[PDB]
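Listed next as structure tokens is one chain, alone, in the form deposited in one PDB entry.
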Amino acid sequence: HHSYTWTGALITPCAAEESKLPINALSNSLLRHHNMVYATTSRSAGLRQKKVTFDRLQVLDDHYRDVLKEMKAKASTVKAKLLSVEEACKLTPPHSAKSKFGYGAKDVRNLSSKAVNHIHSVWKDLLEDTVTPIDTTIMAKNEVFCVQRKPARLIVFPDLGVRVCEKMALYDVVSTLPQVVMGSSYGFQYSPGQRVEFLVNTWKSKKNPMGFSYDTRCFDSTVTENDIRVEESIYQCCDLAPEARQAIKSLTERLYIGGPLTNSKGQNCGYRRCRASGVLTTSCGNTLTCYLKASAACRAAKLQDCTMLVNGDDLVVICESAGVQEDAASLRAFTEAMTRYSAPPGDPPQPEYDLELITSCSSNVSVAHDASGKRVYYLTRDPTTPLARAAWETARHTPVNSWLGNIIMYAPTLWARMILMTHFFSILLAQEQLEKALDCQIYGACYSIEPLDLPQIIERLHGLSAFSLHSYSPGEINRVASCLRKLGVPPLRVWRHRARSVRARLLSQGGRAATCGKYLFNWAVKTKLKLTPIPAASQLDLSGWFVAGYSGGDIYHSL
């Protein structure tokens, strides 16, 4: 029942890997303590292998089965459609890993006969063969972090031709089933603002609110074959075309449940018997399984009025308190149940009586004030990682611009407005690349976005209040100021100064650029403006933006 088995072959890199923070003429204006920022590489793959490799034991009781039965009952009301090859192709990221059969993502998006013909041959094989393990590539991801150094995370994915097939059979499923099964408990249906709203209202729904976050130790590795088959049983409850049922069964048996691992050099590194992190069902599967175990655990632990918020492996639970004494006890029972379900906690869960102190999805609720002086709740986070990555993308061009995603997701925060917005717009101006579309990710899905559209985008997602929030909490302000000292980032007072210049520079550009300067930096000037709704805002088609999670799902949503 081990999560993995290795042969001894090393996880090899597919190209050159950089560990040290690249430095250019712009780096110092943002961050000075360069030694604190690094990128993980395959050099540490071995350390990760040991952490994610362990035996899984599972004891399923009646609470587990009762929840699953309820989940299946809801899933039976879902009707999902098969995606055509062309539709699946359009969902493929322009720069997705190329196939090992003579074609790349570019060929897929263009519907080249070579790509389409191979995809049809892969689809045909899936329908006729439901036993042969599908090959997968295992790689060490290159992610940037701030020291205090974690080993590189592993990524496992099937060939491009197979990924297109997953879309055809399961895209509609993983996109609509979760919300139906988990209702308001499914986190990916909320934008940052709706997320905070659901958290605050739930916290109020309890006479004596009590909540906590639950972090499973290497969730992917705790996912057993049973969990993956139970996930397929849930998918099968949907009203599907017989052809989709066969493909889903085949993908489950041949890919999701497990398979051989091949490094970039073509060598067999071993075998996987747990969750593959690079498949379309990774997000949906983790979410369903976490919600299943956690819901069953809540009953086993005897938690009153348990409301949950689940995002993949990230779990948040809010319920009626029963005294710090009983609360601590119930939590331990919960943890015990989760452990029995094969989902032990990396870090022991602690009860919280302060909403703002609960951290979920690396975020926490906080409060600020609008133009009216009204207390307003918003979503924020520790800016350490966002700033380290911003530093990296400052001197290195990356496939995914985290700074852009962070601005969109945390536009209302103190750090994103004063630092991220100021710094990157300053750069875009100097290079005259304000209207150049950039790729970023939101809930795992890849989006192509032009910086000049940030004003309209933010207005639609967060409202006009985002452009005028003030008087942040002492806790939030202090966490930011501390993070800057740690990384050697100039104080906020410096950023305010720079923003005045960036703002005036944008206003001078006029048009699109003027709108940015006016709305994005209205906080920099002493005498703020009026800031009225933006006409183009509505024209924006931000539908599939916050519907579901697609982490590792190789999904692209052309904007």
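Residue numbers run from 1 along the displayed sequence.
The protein also exists as the form deposited with a small molecule bound; that form is not presented, and the subsequent description refers to it.
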{"property": "The small molecule contact in the entry with it bound: residue 169, any heavy atom under 4.5 Å", "result": "no"}
{"property": "Partner proximity in the entry with it bound: residue 424 to the small molecule, non-hydrogen atom cutoff 4.5 Å", "result": "no"}
{"property": "4.5 Å heavy atom contact, residue 60 and the small molecule in the entry with it bound", "result": "no"}
{"property": "Interface membership of residue 157, the small molecule in the entry with it bound, 4.5 Å heavy atom rule", "result": "no"}
{"property": "Stretch in contact, per heavy atom within 4.5 angstroms of the small molecule in the entry with it bound, of 490-498, 29-37, 509-517, 45-53", "result": "490-498"}
{"property": "Single option in 464, 237, 241, 477 placed near the small molecule in the entry with it bound, where near means a heavy atom within 4.5 Å", "result": "477"}
{"property": "Contacting member of 414, 387, 165, 269, with respect to the small molecule in the entry with it bound [4.5 Å, heavy atom]", "result": "414"}
